[PDB]
């Protein structure tokens, strides 16, 4: 089937398993319409589109449809980032997995200047339902990758680095967030969705909301934090396998640039520690039955593309 990026229509896909049903994919057309960036949109509920003139009764119809896991089509006023009003002929429908249970919601927007009626409304409704069907077929091939590991090991940074080629400043702990990549693999594009999760132990009861139907896990530890490495065996491997006994795991050693960093080596020496070496990482990967061991740096990007390329190959090949 076609891939998601070839659908030149306004739409988003949300994950209703996560708290508050956040957007996990947004089309380029949607970004253009709404004036928001992908990093501003993913991981958030789509209600940010609403504003002063939006009919709240219409919004409640959408809420009701989602709660009942049924499709609905409505028209309501929405707003771009800069505050420009538009009418949104909006269609929502659940996407079910092979077992028939709801996995995602698909939402399609047809923007205009007016509330359309009669013939024009009928035509609009027919168009967006067709679009939703096309997205459903394409979304069946979205690869779900979930990234787990101790707090501050660099999970978020490697996702931001891979998707924007930037490096983030201030450390801000994650709850959940999502990223999207379109990756060429053997000459064909693949849609990869990346679920970022919290390393904090106090998020243990929430974290597994991200786990169902995962295609591949990245378990991450920092090459310069032995505690994070030991937690791979004691915490992360057991947790992942408890929920997903059969899903491939890639073990990822992060912060590769710090392993040969003089200040870092000295600080570890003060702690009576040394960085984790490649053979040590590889041995841990073998111990936990990981399909690959990979090392990378979000900062320099060394090894970074290979992490996601191998994640996809673990699923497709």
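Residue numbers count along the first chain shown, from 1.
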Segment of higher mean CA temperature factor, 142-150 or 80-88: 80-88
Per the entry, higher mean C-alpha B factor between 171-179 and 120-128: 120-128
Out of 94, 100, 226, 199, highest CA B-factor residue: 100
Per the PDB entry, maximal CA B factor within 207, 231, 241, 155: 241
Chain-wide C-alpha B factor ranking for residue 44, given as lowest, middle or highest third: lowest
Ranked against its chain, the third holding the CA B-factor of residue 254: lowest
Third of the chain's Cα B-factor distribution that residue 66 belongs to, per the entry: lowest
Ranked against its chain, the third holding the CA B-factor of residue 194: lowest
Residue 312 - which third its CA temperature factor falls in, relative to the rest of the chain: lowest
